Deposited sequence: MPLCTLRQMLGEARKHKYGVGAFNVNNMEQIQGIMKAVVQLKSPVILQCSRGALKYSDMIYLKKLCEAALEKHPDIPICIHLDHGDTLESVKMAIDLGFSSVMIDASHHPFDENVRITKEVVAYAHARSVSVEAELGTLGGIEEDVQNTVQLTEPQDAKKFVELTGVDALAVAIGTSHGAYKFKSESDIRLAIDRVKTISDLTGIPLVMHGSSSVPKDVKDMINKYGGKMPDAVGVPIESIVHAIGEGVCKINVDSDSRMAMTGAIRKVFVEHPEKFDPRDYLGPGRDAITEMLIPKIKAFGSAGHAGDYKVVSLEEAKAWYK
């Protein structure tokens, strides 16, 4: 059933497991994810950026999500707005029936962040909707990146009331996180500190692994993504043990789908039925996600708890 981020990650924290949070944009991507988490009876976060919502004209993604909720009433499923910039987009996602939002004001100074966030928290928590926010900014370390300062994090969380905090520890968006693979520099030491000080679920953004299998595959069949590196996966398992409950994953899927398509295009240039290549692309998503969910630790946990509806979530906030 439609779950809050609050409860879902509540349970993650408790059992020391992480829940992958997977960006979806069309029918085949949701189906690729759902396949993976149903098989392993895992809770799931399906997340849509404002761009996802624009691309699917909003209503299309809503209905596709309603389809995954109806198809699998056993799974806790949290529909999350990824990277809200404004109260405006937070509203739009709420009215679409999302059970969570993220307000990303990490780029304004601390007080403006806190300002902008309280505003969304006041709004969202009225309907039972969870709120992820972020302190610190994304980007590698190797410069204008602010890594989360744990003592500020504590205050930020007390000041704002958010259910989850996204941290900055040297991860960025996209397929090109680090220049070499020798020099992967993560600041995961502070994760345990941030988790302890705030007492809430933490979120890792830019968490794709850029797995070599898929990478070479793209380049092998016409693609041009040569020096692409991601975050190593034991780093993510380490951060999970230290308090990370939500693992944001988008690029890895993008690549899985694209690799399976280029492959059909090369091997069978005579085929033009989109089912012929989109189908293989769906299944590539599933295959790539299965080990990942297993490493995260969320597998088997789908039936642990009674999902609280948004109506009842309003009570947590009064």
| query | What are the missing stretches of the deposited sequence, listed from start to end? | reply | 1, 144-147
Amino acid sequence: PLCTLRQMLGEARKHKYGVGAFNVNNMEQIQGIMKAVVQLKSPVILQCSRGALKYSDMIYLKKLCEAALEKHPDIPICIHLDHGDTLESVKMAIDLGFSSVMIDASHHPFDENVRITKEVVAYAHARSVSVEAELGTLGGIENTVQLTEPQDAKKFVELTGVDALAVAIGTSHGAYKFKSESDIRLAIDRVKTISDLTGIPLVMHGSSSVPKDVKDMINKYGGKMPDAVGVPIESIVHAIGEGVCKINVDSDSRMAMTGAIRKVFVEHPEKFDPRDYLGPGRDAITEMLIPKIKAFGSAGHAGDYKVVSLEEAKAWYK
From here on, numbers count along this sequence of modelled residues.
| Do the C-alpha atoms of 115-123 or of 173-181 have the higher average B factor in the entry? | 173-181
| field | Stretch exceeding the other in mean C-alpha B-factor - 162-170, 229-237 | value | 229-237
| Which one, 215, 80, 192, 71, has the peak C-alpha temperature factor per the PDB entry? | 215
| task | Going by the CA temperature factor in the entry, name the top one among 100, 248, 148, 144. | result | 144
| query | residue 91: which third of its chain by C-alpha temperature factor? | reply | highest
| Third of the chain's Cα B-factor distribution that residue 219 belongs to, per the entry | highest
| Among modelled residues of the same chain, the CA temperature factor third for residue 13 | lowest
| task | Taking the chain's C-alpha temperature factors as the reference, tell me which third residue 243 falls into: lowest, middle or highest. | result | lowest
| task | Determine, from the deposited record, the chain-internal third of the Cα B-factor for residue 137: lowest, middle or highest. | result | highest
